[PDB]
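Below you will find one chain, with nothing else, as structure tokens; this is the form deposited in one PDB entry, and questions on how it binds or moves follow later.
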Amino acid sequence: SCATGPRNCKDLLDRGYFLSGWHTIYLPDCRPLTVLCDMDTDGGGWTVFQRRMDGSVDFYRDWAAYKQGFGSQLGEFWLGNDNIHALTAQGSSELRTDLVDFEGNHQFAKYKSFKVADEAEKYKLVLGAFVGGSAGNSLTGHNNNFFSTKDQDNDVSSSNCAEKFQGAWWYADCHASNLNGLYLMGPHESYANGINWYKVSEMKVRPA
């Protein structure tokens, strides 16, 4: 039960769960949640809240969908903004992004602290300093921005960033598209495949 169950993937690693995969954790209000643990990357104990790999799941979804979460444990998913808030509520948390391009090259980015506020604060992003990574720093000008979806424009642009990129994100100005954008499905031989920060994305969190 909640009293003796784990709170996140770090707890699970401590209890001797050394393989990546889906496990039950208990949120701070004791709601059980099935989450994806990354037990291999950068010491392990990461809870994965976004994963894309093939563009099979539609990410151009409304506020309610992003709030609750959507997709498949067997594939691509967004864990849900209520859930991401719950995971980053207690204590301090670190963010990691892992990316794979179409030629098999692995890249990454790491951030000191990562919090998303509750729905009353439009799931505002509270992001710490870029700690480093080969993928580069793309979430630099995103700190303090509200979350935006197609039906809820909370950006600081005259346009609807979510519509214009076709995905939901903590948009400010929208000069480029993000990890939740269109997953291009063009000829296998061309550049017009994947997403921008390109074949694979994973966003994940761990106690700092």
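Heads up, when I say rigid core I mean the largest set of C-alphas that superpose within 1.5 Å between the two forms. Numbering starts at 1 and runs along the sequence shown.
Colleague: With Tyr17 and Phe18 adjacent in the shown sequence, let me know how many deposited residues between them lack coordinates: none, 1 to 3, 4 to 9, or 10 or more.
Modeller: Going from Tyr17 to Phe18, the model skips no residues of the deposited sequence.
Colleague: Given the B-factors recorded for C-alpha atoms, which segment has the greater mean, 53-61 or 151-159?
Modeller: That would be 151-159.
Colleague: Per the entry, where is the mean C-alpha temperature factor higher: 35-43 or 140-148?
Modeller: That would be 140-148.
Colleague: Name the residue from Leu74, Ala86, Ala135, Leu79 with the greatest C-alpha temperature factor listed in the entry.
Modeller: Of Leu74, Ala86, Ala135, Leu79, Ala135 has the highest C-alpha B-factor.
Colleague: Taking the Cα B-factors listed in the entry, which of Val200, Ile25, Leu13, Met185 comes out highest?
Modeller: It is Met185.
Colleague: Consider only the C-alpha atoms of the modelled residues in this chain, order them by B-factor as the entry records it, and name the third containing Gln166: lowest, middle or highest.
Modeller: Ranked within chain, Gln166 CA B lands in the middle tercile.
Colleague: For the chain shown, is the CA B-factor of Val48 in the lowest, middle or highest third of its modelled residues?
Modeller: According to the entry, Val48 has a C-alpha B-factor in the chain's lowest third.
Note that the form deposited in another entry isn't included here; everything after this is about it.
Colleague: With the core superposed, find the residue in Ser177, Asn143, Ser157, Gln68 that moves its CA 2 Å or more between this form and the one not shown.
Modeller: Result of the superposition: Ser177 is the only one at 2 Å or more.
Colleague: Does the C-alpha of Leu19 move 2 Å or more between this form and the one not shown once the rigid core is lined up?
Modeller: Stays below the 2 Å threshold, so no.
Colleague: Can you tell whether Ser190 sits closer to or farther from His106 in the other form than it does here, judged by CA atoms, where the change is 3 Å or more?
Modeller: Farther apart, by at least 3 Å.
Colleague: Over in the other structure, so in the other form, do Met53 and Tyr191 pull closer or drift farther apart at the C-alpha level? The difference is 3 angstroms or more.
Modeller: Compared with this form, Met53 and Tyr191 lie farther apart in the other form.
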